[PDB]
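A single chain comes next, written as structure tokens; it is the form solved without its partner chain.
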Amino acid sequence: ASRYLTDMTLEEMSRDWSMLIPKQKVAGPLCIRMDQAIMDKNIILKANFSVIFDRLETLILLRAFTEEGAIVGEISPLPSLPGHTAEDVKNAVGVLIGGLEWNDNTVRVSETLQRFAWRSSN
């Protein structure tokens, strides 16, 4: 029985979104997506992770939200679910932040992502 810990409400996780100016990248076992039309915004990354024995284990879904609440980016596992490491996730997050910063967006990460980053580099 897996459990999931998330920064996102159900509505934030289930909402459809699209990219006006699409940019995508396969980053090993993870897919990174972002909208290049987005500029000069404050953006927060929010994640959903599987939990196993009180530890954040597998990334299920990450989405980037503007302060007004629009989805402007996403990282997700390839649907074949090949499996990924903590390093794959940290690498993909840094790559997404770099891409969003190009258009002078300021990007921050949720406490869940901070925990994952911290406990992975222990």
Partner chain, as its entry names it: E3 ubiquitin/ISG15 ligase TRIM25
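Numbering follows the first chain given and starts at 1.
Unshown form solved in complex with its partner chain; subsequent notes refer to it.
- Proximity of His84 to its partner chain in the bound PDB entry: non-hydrogen atoms within 4.5 Å are present.
- When contacts are judged by a 4.5 Å heavy atom cut-off, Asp54 counts as touching its partner chain in the bound PDB entry.
- Although the partner is absent here, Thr58 is a contact residue: one of its heavy atoms lies within 4.5 angstroms of its partner chain in the bound PDB entry.
- The candidate stretches are 64 to 72, 46 to 54, 91 to 99, 33 to 41, and the one lying within 4.5 Å of its partner chain in the bound PDB entry by heavy atoms is 46 to 54.
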